[PDB]
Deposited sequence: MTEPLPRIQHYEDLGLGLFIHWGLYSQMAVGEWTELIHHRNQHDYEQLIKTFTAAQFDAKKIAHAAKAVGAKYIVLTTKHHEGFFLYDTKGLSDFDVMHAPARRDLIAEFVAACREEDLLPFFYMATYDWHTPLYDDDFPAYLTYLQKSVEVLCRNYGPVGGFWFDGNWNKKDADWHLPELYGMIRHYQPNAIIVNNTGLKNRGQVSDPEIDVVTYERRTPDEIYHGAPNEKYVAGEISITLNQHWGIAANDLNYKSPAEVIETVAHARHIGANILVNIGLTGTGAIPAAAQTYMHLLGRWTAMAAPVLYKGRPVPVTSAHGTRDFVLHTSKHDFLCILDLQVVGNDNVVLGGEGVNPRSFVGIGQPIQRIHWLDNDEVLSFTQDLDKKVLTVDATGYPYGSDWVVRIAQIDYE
């Protein structure tokens, strides 16, 4: 049974992932320093032009609020090893030694608090900047733990930590009891996420978007751990100007719904410009997804997976809250007329197995249309006529609320 902080985590549902660092100035992806075999001295000169001139934490927080996100995961230090906060003497490779001369993480947590969002800190554990990483790993771990200690002690209550990189050394001892134990001492309520069972103090495991089945919550009678999937809008996480291979807004909506189906949270990622602006492309996705999440509000946060399956050949699924069940229905088409056929005009029976209580009424959330339905209570079959979209709309994942008698 989940600890309160993890229950609260699962109620967040949707977070925004923000990638911003020195890489952002080159606009060819966040891994550029390594994958393009850049000269380290020349790449790290980018600290000198890191102005943060267009970074507005209140605009980030406002974007999150508008898209229906409840937490934000910001890259505090990526593999490039540059810190977006005041490391208080630990490293000169930080934003206090850049022209920005602002603790951006402090601006970030203040903006989050004003919008009632949880601030999460991403921290790369695989570091390309410190020579310690390759030639004195135990000392690197001390450096890493100290960089996290700063975040635990100088910014008030933090929502969580998102660690990424332990996979670079699958068989090393990362001394996680001491790292996570330090976090638990100063930040007892923080959610700990490791992007890979790795330590008892982890609260959340990450999974690929395509995972088809309800996620695993840990061994029976051990600590419940939550899950989270991630999606980026094109192929890269940092900004990438000539990556045109953007996903459909429809795919992003389906992926958000899919997360809730398998009992995970989801992060939708955006890459800021060099100077910290939200690109216009990201705003388009946010506005579209935002329309969906506003409509889905009654179920997106509290809704949980339930042992109810859909009929053969259909990708529909069900989510449960303590007051209601919700049918999440896909592959609908638009309704035209007798004379103008768009595909959604015929009766469209969609069935579910595992609904055992008599229903009084079912309605679409988007327009409160009442659906017809039939029930076989002995076999727990619900069949609804899932009407198509009114002409001029298309929600991609449409949601019907069940009111039980």
Inset, instruction - Enumerate the deposited-sequence segments absent from the coordinates, judged by C-alpha atoms, in order of position. - result: 1 to 2, 199 to 205
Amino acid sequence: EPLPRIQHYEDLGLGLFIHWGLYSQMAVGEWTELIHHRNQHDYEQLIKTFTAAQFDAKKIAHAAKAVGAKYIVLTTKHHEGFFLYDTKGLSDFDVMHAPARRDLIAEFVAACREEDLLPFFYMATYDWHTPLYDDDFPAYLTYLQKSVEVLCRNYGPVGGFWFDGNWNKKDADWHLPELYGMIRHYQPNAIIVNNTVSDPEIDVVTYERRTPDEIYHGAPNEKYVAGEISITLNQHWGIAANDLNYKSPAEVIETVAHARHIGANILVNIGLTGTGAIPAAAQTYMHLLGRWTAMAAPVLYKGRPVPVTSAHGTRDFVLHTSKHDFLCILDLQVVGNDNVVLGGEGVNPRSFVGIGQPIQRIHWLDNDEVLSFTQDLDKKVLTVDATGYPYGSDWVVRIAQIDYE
From here on, numbers count along this sequence of modelled residues.
Legend entry - 71 to 79 or 324 to 332, whichever carries the higher mean Cα B-factor: 71 to 79
Legend entry - Residue range whose averaged C-alpha B-factor is higher in the record, 254 to 262 or 146 to 154: 146 to 154
Inset, instruction - Specify which of 304, 210, 97, 291 carries the largest Cα B factor in the deposited PDB entry. - result: 97
Inset, instruction - In terms of CA temperature factor as recorded, identify the highest of 315, 170, 236, 287. - result: 170
Inset, instruction - Name the third of the chain's ranked CA B-factors that contains residue 125, choosing lowest, middle or highest. - result: middle
Inset, instruction - Would you mind ranking residue 221 by its C-alpha B-factor against the rest of the chain and naming the third, lowest, middle or highest? - result: highest
Legend entry - Assigned third (lowest, middle, highest) for the C-alpha B factor of residue 371: lowest
Inset, instruction - Name the third of the chain's ranked CA B-factors that contains residue 298, choosing lowest, middle or highest. - result: lowest
Inset, instruction - Taking the chain's C-alpha temperature factors as the reference, tell me which third residue 33 falls into: lowest, middle or highest. - result: highest
